[PDB]
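Q: The structure is given below, and queries will be raised subsequently.
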Amino acid sequence: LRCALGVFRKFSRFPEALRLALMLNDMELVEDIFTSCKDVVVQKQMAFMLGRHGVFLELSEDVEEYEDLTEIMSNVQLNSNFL
Amino acid sequence: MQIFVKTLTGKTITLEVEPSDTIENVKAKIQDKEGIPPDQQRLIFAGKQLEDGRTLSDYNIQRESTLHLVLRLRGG
Amino acid sequence: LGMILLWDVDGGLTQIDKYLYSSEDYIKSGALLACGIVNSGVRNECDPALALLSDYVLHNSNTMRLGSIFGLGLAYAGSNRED
């Protein structure tokens with residue numbers, strides 16, 4: 001089901017290991033199928049429970065699947081301005 | 001005069017220019033220091049986009065003011 | 001004025017400058033502290049060392065020394081940048 005990974009391993013981020021959720025942030029960028037869960041899992045990674053993620057999505061597939069990051073960064077924030 | 005070109009990589013680039021110089025000459029100087037062609041270069045001054053057809057004086061760019069450097073980012 | 005233009009990057013800097021220029025310790029330091037409020041959550045290139053570092057290095061005195069470190073620690077509170 002794999003979409004409650006981001007918000008509910010913020011549960012597991014700070015107590016166990018700060019790399020462990022970062023190893024689960026690795027589990028985000030592995031299950032790359034396809035966009036719909038992929039958009040919504042990383043919606044929260046900018047301004048909903050933590051930021052500091054904008055350095056891990058500039059990999060060699062910068063077309064739209066890794067160009068989500070800037071759209072995660074401020075454009076859905078601009079959609080939250082469009083609110 | 002000297003100016004500052006600040007990247008988003010925490011790196012500050014200094015260039016010796018004249019106030020009447022065009023923006024594309026400055027991008028040519030950036031290519032002289034770095035080897036990045038000007039079509040891959042974007043320059044921002046106080047949140048404003050710079051056009052190569054104008055001069056530094058047209059945007060009131062003066063001695064040692066701070067620019068921003070963002071790169072062309074295309075994929076696929 | 002930082003609360004008035006909230007979650008903004010577009011023209012939040014432009015609204016400050018019409019009331020920034022007064023040559024006062026209390027007017028500029030309150031306005032430039034509000035510049036960290038506007039880009040709160042944007043964390044793009046607004047001023048990592050541009051506007052509030054230039055505010056901070058004016059210091060020999062009152063709130064120019066004070067009201068310049070509050071805004072950037074506010075705007076980059078979600079940041080974990082070391083520099």
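Here, A, B, ... name the chains of the structure tokens in the order displayed, residue numbers run from 1 inside each chain, and ligands are numbered from 1 in the same displayed order.
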I want to know what sits within 12 Å of residue 27 in chain B, based on only C-alpha atoms, with residues of the same chain fewer than 5 positions away left out; could you give that as a PDB file with C-alpha atoms, in the first residue's frame?

A:
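Written file, selection.pdb:
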ATOM      1  CA  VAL B   5      27.725  36.636  -8.853  1.00  0.00           C
ATOM      2  CA  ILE B  13      31.885  34.790  -8.271  1.00  0.00           C
ATOM      3  CA  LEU B  15      33.833  39.782 -12.210  1.00  0.00           C
ATOM      4  CA  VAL B  17      33.005  44.730 -15.717  1.00  0.00           C
ATOM      5  CA  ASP B  21      28.388  46.407 -20.625  1.00  0.00           C
ATOM      6  CA  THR B  22      25.664  44.099 -21.910  1.00  0.00           C
ATOM      7  CA  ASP B  32      35.635  32.366 -19.704  1.00  0.00           C
ATOM      8  CA  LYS B  33      35.947  31.431 -16.047  1.00  0.00           C
ATOM      9  CA  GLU B  34      33.862  28.251 -16.137  1.00  0.00           C
ATOM     10  CA  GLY B  35      33.142  26.956 -19.638  1.00  0.00           C
ATOM     11  CA  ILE B  36      29.348  27.022 -19.275  1.00  0.00           C
ATOM     12  CA  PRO B  37      27.669  28.486 -22.378  1.00  0.00           C
ATOM     13  CA  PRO B  38      25.341  31.455 -21.797  1.00  0.00           C
ATOM     14  CA  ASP B  39      22.195  29.621 -22.913  1.00  0.00           C
ATOM     15  CA  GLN B  40      22.673  27.357 -19.888  1.00  0.00           C
ATOM     16  CA  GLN B  41      23.153  30.397 -17.631  1.00  0.00           C
ATOM     17  CA  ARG B  42      20.446  32.459 -15.941  1.00  0.00           C
ATOM     18  CA  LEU B  43      21.015  35.624 -13.928  1.00  0.00           C
ATOM     19  CA  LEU B  50      18.096  39.859 -16.701  1.00  0.00           C
ATOM     20  CA  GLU B  51      17.914  40.157 -20.488  1.00  0.00           C
ATOM     21  CA  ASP B  52      21.017  40.073 -22.683  1.00  0.00           C
ATOM     22  CA  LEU B  69      23.009  32.283 -10.630  1.00  0.00           C
TER      23      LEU B  69
END

Q: Would you pick out the contacts of residue 73 in chain A at 10 Å or less, using only C-alpha atoms, so that residues sharing its chain but fewer than 4 positions from it are not included, and give the list as a list in words?

A: residues 42, 43, 45, 46, 47, 51, 53, 54, 68, 69, 77 and 78 of chain A; 41, 42, 43 and 44 of chain C

Q: Excluding residue 64 in chain B and any residue of its chain fewer than 4 positions from it, enumerate the residues within 8 Å of it, using only C-alpha atoms, and give them as a ChimeraX atom specification.

A: /B:1-4

Q: Write out as CSV the residues of chain B that have any atom within 9 Å of an atom of chain A, one row each with the nearest atom pair and its distance in Å to one decimal, counting only C-alpha atoms, sorted by chain and then rising number.

A:
residue,atom,partner,partner_atom,distance
B:73,CA,A:62,CA,7.8
B:74,CA,A:63,CA,6.5
B:75,CA,A:63,CA,4.0
B:76,CA,A:63,CA,5.2

Q: I need the chosen residues saved as a compact mmCIF listing (two decimals), in the first residue's frame, with C-alpha atoms.

A:
# COMPACT_ATOMS: atom_id res chain seq x y z
CA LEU B 73 17.78 22.43 -15.95
CA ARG B 74 16.39 20.21 -18.72
CA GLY B 75 16.00 16.43 -18.53
CA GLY B 76 15.30 13.49 -20.81

Q: Skipping near chain neighbours, those fewer than 6 positions away, what residues fall within 10 Å of residue 18 in chain B using only C-alpha atoms, listed as an NGL selection string?

A: :B and (1-3 or 26 or 55-57 or 61-63)

Q: For chain C, which residues have at least one atom within 10 Å of chain B, if we go by only C-alpha atoms? Write them as a PDB file with N, CA, C and O atoms, in the first residue's frame, please.

A:
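File iface-v2.pdb, as written:
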ATOM      1  N   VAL C   9       6.891  34.780  -2.328  1.00  0.00           N
ATOM      2  CA  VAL C   9       8.230  35.055  -2.840  1.00  0.00           C
ATOM      3  C   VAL C   9       8.106  36.076  -3.966  1.00  0.00           C
ATOM      4  O   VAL C   9       9.088  36.714  -4.359  1.00  0.00           O
ATOM      5  N   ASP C  10       6.878  36.269  -4.454  1.00  0.00           N
ATOM      6  CA  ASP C  10       6.658  36.952  -5.726  1.00  0.00           C
ATOM      7  C   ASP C  10       6.850  38.463  -5.622  1.00  0.00           C
ATOM      8  O   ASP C  10       7.591  39.055  -6.415  1.00  0.00           O
ATOM      9  N   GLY C  11       6.201  39.104  -4.658  1.00  0.00           N
ATOM     10  CA  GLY C  11       6.280  40.543  -4.548  1.00  0.00           C
ATOM     11  C   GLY C  11       6.413  40.974  -3.109  1.00  0.00           C
ATOM     12  O   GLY C  11       6.227  42.149  -2.784  1.00  0.00           O
ATOM     13  N   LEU C  13       9.166  41.042  -1.350  1.00  0.00           N
ATOM     14  CA  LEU C  13      10.322  41.916  -1.205  1.00  0.00           C
ATOM     15  C   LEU C  13      10.024  43.315  -1.721  1.00  0.00           C
ATOM     16  O   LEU C  13      10.577  44.296  -1.213  1.00  0.00           O
ATOM     17  N   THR C  14       9.146  43.422  -2.720  1.00  0.00           N
ATOM     18  CA  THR C  14       8.885  44.705  -3.360  1.00  0.00           C
ATOM     19  C   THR C  14       8.022  45.608  -2.497  1.00  0.00           C
ATOM     20  O   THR C  14       8.114  46.836  -2.603  1.00  0.00           O
ATOM     21  N   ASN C  44      14.117  29.352  -1.281  1.00  0.00           N
ATOM     22  CA  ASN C  44      14.775  29.479  -2.574  1.00  0.00           C
ATOM     23  C   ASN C  44      15.852  30.559  -2.446  1.00  0.00           C
ATOM     24  O   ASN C  44      16.247  30.933  -1.338  1.00  0.00           O
ATOM     25  N   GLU C  45      16.360  31.056  -3.569  1.00  0.00           N
ATOM     26  CA  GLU C  45      17.293  32.181  -3.516  1.00  0.00           C
ATOM     27  C   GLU C  45      16.483  33.454  -3.273  1.00  0.00           C
ATOM     28  O   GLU C  45      15.908  34.067  -4.173  1.00  0.00           O
ATOM     29  N   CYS C  46      16.376  33.827  -2.006  1.00  0.00           N
ATOM     30  CA  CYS C  46      15.857  35.138  -1.652  1.00  0.00           C
ATOM     31  C   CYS C  46      16.908  35.971  -0.944  1.00  0.00           C
ATOM     32  O   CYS C  46      17.202  37.094  -1.379  1.00  0.00           O
ATOM     33  N   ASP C  47      17.496  35.429   0.124  1.00  0.00           N
ATOM     34  CA  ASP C  47      18.658  35.954   0.828  1.00  0.00           C
ATOM     35  C   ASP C  47      19.294  34.892   1.721  1.00  0.00           C
ATOM     36  O   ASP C  47      19.059  34.870   2.937  1.00  0.00           O
ATOM     37  N   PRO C  48      20.096  33.980   1.165  1.00  0.00           N
ATOM     38  CA  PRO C  48      20.923  33.152   2.052  1.00  0.00           C
ATOM     39  C   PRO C  48      22.017  33.958   2.716  1.00  0.00           C
ATOM     40  O   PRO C  48      22.382  33.669   3.860  1.00  0.00           O
ATOM     41  N   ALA C  49      22.590  34.932   2.005  1.00  0.00           N
ATOM     42  CA  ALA C  49      23.523  35.887   2.589  1.00  0.00           C
ATOM     43  C   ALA C  49      23.337  37.284   2.003  1.00  0.00           C
ATOM     44  O   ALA C  49      24.265  38.097   2.042  1.00  0.00           O
ATOM     45  N   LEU C  50      22.158  37.584   1.451  1.00  0.00           N
ATOM     46  CA  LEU C  50      21.987  38.782   0.629  1.00  0.00           C
ATOM     47  C   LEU C  50      21.451  39.974   1.417  1.00  0.00           C
ATOM     48  O   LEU C  50      22.132  40.994   1.551  1.00  0.00           O
ATOM     49  N   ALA C  51      20.243  39.859   1.955  1.00  0.00           N
ATOM     50  CA  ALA C  51      19.523  41.017   2.465  1.00  0.00           C
ATOM     51  C   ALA C  51      19.673  41.202   3.962  1.00  0.00           C
ATOM     52  O   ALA C  51      19.866  42.331   4.423  1.00  0.00           O
ATOM     53  N   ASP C  83      26.199  26.339   6.430  1.00  0.00           N
ATOM     54  CA  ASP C  83      27.029  27.499   6.117  1.00  0.00           C
ATOM     55  C   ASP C  83      26.558  28.758   6.839  1.00  0.00           C
ATOM     56  O   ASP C  83      27.340  29.396   7.548  1.00  0.00           O
TER      57      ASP C  83
END

Q: Mind listing the helix (DSSP H, G or I) residues of chain C, per DSSP on the backbone, as a VMD selection string?

A: chain C and resid 12 to 20 25 to 38 52 to 56 69 to 75

Q: Restrict the distance test to only C-alpha atoms, flag each residue of chain C within 8 Å of chain A, and return the flagged residues as a list in words.

A: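 Using only C-alpha atoms, chain C residues at most 8 Å from chain A: residues 7, 8, 41, 42, 78, 79 and 80 of chain C.
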
Q: Go ahead and write the residues just picked, N, CA, C and O atoms, as an mmCIF file, in the first residue's frame.

A:
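Writing the result to again29.cif gives the following:
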data_model
loop_
_atom_site.group_PDB
_atom_site.id
_atom_site.type_symbol
_atom_site.label_atom_id
_atom_site.label_comp_id
_atom_site.auth_asym_id
_atom_site.auth_seq_id
_atom_site.Cartn_x
_atom_site.Cartn_y
_atom_site.Cartn_z
ATOM 1 N N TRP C 7 3.667 33.475 3.093
ATOM 2 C CA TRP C 7 3.942 32.367 2.166
ATOM 3 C C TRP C 7 4.207 32.869 0.747
ATOM 4 O O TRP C 7 3.712 32.313 -0.232
ATOM 5 N N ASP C 8 5.007 33.925 0.632
ATOM 6 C CA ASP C 8 5.167 34.607 -0.642
ATOM 7 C C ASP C 8 6.639 34.718 -1.022
ATOM 8 O O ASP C 8 7.525 34.705 -0.164
ATOM 9 N N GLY C 41 9.313 29.080 4.406
ATOM 10 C CA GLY C 41 8.882 27.919 3.670
ATOM 11 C C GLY C 41 9.214 27.948 2.195
ATOM 12 O O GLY C 41 9.069 26.918 1.526
ATOM 13 N N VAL C 42 9.651 29.091 1.667
ATOM 14 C CA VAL C 42 10.095 29.143 0.278
ATOM 15 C C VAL C 42 11.482 28.526 0.142
ATOM 16 O O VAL C 42 11.702 27.644 -0.696
ATOM 17 N N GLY C 78 13.280 25.439 8.668
ATOM 18 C CA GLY C 78 13.199 24.127 8.062
ATOM 19 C C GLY C 78 14.453 23.680 7.352
ATOM 20 O O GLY C 78 14.525 22.530 6.910
ATOM 21 N N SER C 79 15.439 24.563 7.233
ATOM 22 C CA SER C 79 16.710 24.235 6.614
ATOM 23 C C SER C 79 17.642 23.597 7.633
ATOM 24 O O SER C 79 17.539 23.839 8.838
ATOM 25 N N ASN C 80 18.550 22.766 7.137
ATOM 26 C CA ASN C 80 19.637 22.213 7.931
ATOM 27 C C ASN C 80 20.968 22.556 7.274
ATOM 28 O O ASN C 80 21.917 21.768 7.282
#

Q: Write out as a ChimeraX atom specification the residues lying within 6 Å of range 69-73 of chain C, counting only C-alpha atoms and excluding same-chain residues fewer than 4 positions away.

A: /C:33,36,77
